[PDB]
Amino acid sequence: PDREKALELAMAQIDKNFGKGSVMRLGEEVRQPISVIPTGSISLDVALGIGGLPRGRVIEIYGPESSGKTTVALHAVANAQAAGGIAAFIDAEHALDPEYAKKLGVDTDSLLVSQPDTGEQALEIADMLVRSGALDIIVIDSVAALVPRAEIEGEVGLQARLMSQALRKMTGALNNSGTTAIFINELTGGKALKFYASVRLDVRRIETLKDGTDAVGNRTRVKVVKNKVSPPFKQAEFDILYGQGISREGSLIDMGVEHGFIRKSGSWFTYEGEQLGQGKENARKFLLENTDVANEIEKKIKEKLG
């Protein structure tokens, strides 16, 4: 009754009995099904193992304030739209800035936005919008802001329920609607979202890009703490330039040197015989111009991996 043999027979029993990956091997490189919305971060993408946020799944992006949580979520919308998909933003914070959005790739004009008047109404007009099966991705800003109906008109019935119910019903809908749903949490009802999510992302702001100038934006670190599609606990870091978004080119360098495709002789980045610049900000400014080059590097990492 060989263990390695026994183990597999058993294990496989649980996927059948409970799900795709109710039991994984942190090592497993398993990759199939896919159907993913790129997050716009080559680094975060591999981190998720399937190269993107699984479609038809409930996803939670949490973190503190000024973490870049909405930027990631917005980047998602951008790509989902860029491939002829319809997106819906259920606003309850009223913080959205379409200028930043549009400068990320979002087609704001053709973006469905809604500002519910209550936690219930939010989760209603959101489950309803999902059932139409017309949507690809929908993002709800601030689990927090989804305050119950009472607790609004003075009149207990914590949101815990509001979330649980709305999730119970809505998880199946998009489950077979192929519409991925992003929930943005900020550090209640999250006690359920945690269990309903198939992927939970922890975003924190690590360091700050500077350069003797006012310094633009910061270095973000995302730790995928819950993943039911690939093995969990992987992490990624990427740069968010103030008023510009997630630096693609930058991610290609960090990734490039990491996979040997690029080198750093005296802080002097170079791609196989042809040097790019001294320092990072200079190395990204280079890739920001000539795209074919960068294209190759991207076209080179997308091979070393899925």
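Residue numbering in chain A adheres to Swiss-Prot, whereby the residues present occupy positions 6-160, 166-197, 212-330 in order.
Cβ atoms are placed via backbone N, Cα and C, with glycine included.
Annotated features, as they stand in Swiss-Prot:
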BINDING   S71, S72, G73, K74, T75, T76, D102, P103, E104, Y105  ATP binding site
Around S71 (ATP binding site), how many other C-beta atoms are within 10 angstroms of its C-beta?
9
Given a gap of 5 unmodelled residues from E160 to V166, what is the distance between their Cα atoms, rounded to a whole number of Å?
10
So if I measure Cβ to Cβ from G73 (ATP binding site) and keep only same-chain residues at least 6 apart in sequence, which ones fall under 8 Å?
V227, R229, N242, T244, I264
Given 14 residues with no model between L197 and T212, what whole-number C-alpha distance in angstrom do these ends have?
11
Cβ neighbour count (within 10 Å, all chains shown) around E104 (ATP binding site):
10
